[PDB]
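Accompanying notes for the structure given below.
Whatever order the structure lists them in is the order used to number ligands and atoms, beginning at 1. Sequence positions, counted from 1, serve as the residue numbers for this chain. Worth knowing before you read on, the calculation uses all heavy atoms, side chains too, and leaves out hydrogens, waters and symmetry mates.
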Amino acid sequence: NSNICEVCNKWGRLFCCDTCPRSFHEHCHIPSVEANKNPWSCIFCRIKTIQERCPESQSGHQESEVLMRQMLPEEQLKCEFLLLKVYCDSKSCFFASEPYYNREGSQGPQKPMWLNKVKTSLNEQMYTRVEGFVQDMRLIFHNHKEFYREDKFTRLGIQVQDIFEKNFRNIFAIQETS
Ligand SMILES: [Zn+2]
Ligand SMILES: [Zn+2]
Ligand SMILES: [Zn+2]
């Protein structure tokens, strides 16, 4: 197994996957690494199993259909994996914790949003459809772009949204287009 967390790339108290060489801090894995379970399989491995059981699940889909799906166990898992892919980028630090807004010439968003809030919402089963999770994720970056205006810091929102969107299209097998 790797000697660093797959998510934050640091050493520490690491839990090792039994079916792949990845390792995780307890609360870096999503869901948080389960208490007992020998053997244990990481979210990467669980996702790969879904695909292997239903190869046709990789055929292209329309985003509108994906958003309307109810959050049954496989969709819950796919949104947890997509959230975890965003935390894997170091630039997620800017979006992780609760923001505050006091900048001359800007007003804060009407509905603030942040990664740890989406993480608790998933853990508490607060989303009934994929659309609810996706809308809160996109809201994080939209709030950032609107608040930072012409400051070059706006680019951090475009960068982390690009990671989200590429991973959304991969995980939910969105039909490729020009
Ligand atoms: Zn970690
Ligand atoms: Zn694994
Ligand atoms: Zn199948």
Angle subtended at the Zn ion (ligand 2) by SG of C20 and SG of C17, to 10 degrees?
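Taking the Zn ion (ligand 2) as the apex, I get 110° for this pair.
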
If I take the Zn ion (ligand 2) as the centre, what angle separates the SG atom of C42 from the SG atom of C45? Nearest 10 degrees is fine.
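Nearest ten degrees: 120°.
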
Quick check: of its N, O or S atoms, which one does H25 have closest to the Zn ion (ligand 1)?
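Within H25, restricted to N, O or S, the Zn ion (ligand 1) is closest to atom ND1.
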
Starting from the Zn ion (ligand 3), look over the N/O/S atoms of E56 and name the nearest one.
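The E56 atom nearest to the Zn ion (ligand 3), restricting to N, O or S, is OE2.
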
If we only count heavy atoms from C-beta on, is the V118 to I140 side-chain gap below 4.5 Å?
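Contact flag for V118/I140 side chains = yes.
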
At the Zn ion (ligand 1): angle between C8 atom SG and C5 atom SG, to 10 degrees
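Result: 110°, to 10°.
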
Any side-chain donor-acceptor pair under 3.5 Å between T19 and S41?
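Yes, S41 and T19 have a side-chain donor paired with an acceptor closer than 3.5 Å.
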
Can a donor-acceptor pair be found, under 3.5 Å and without considering hydrogens, that links the side chain of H29 to the backbone of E34?
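No.
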
Do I163 and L84 share a hydrophobic cluster (ILVMFWY, side-chain heavy atoms under 4.5 Å, transitive)?
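Shared cluster, no.
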
Closest non-hydrogen atom pair, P99 against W114
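Residues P99 and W114, closest heavy atoms: CD-CE3, 3.7 Å.
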
Under 2.8 Å from the Zn ion (ligand 1), is there an N/O/S atom belonging to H27?
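No, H27 does not qualify, because none of its backbone or side-chain N, O or S atoms lies under 2.8 Å.
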
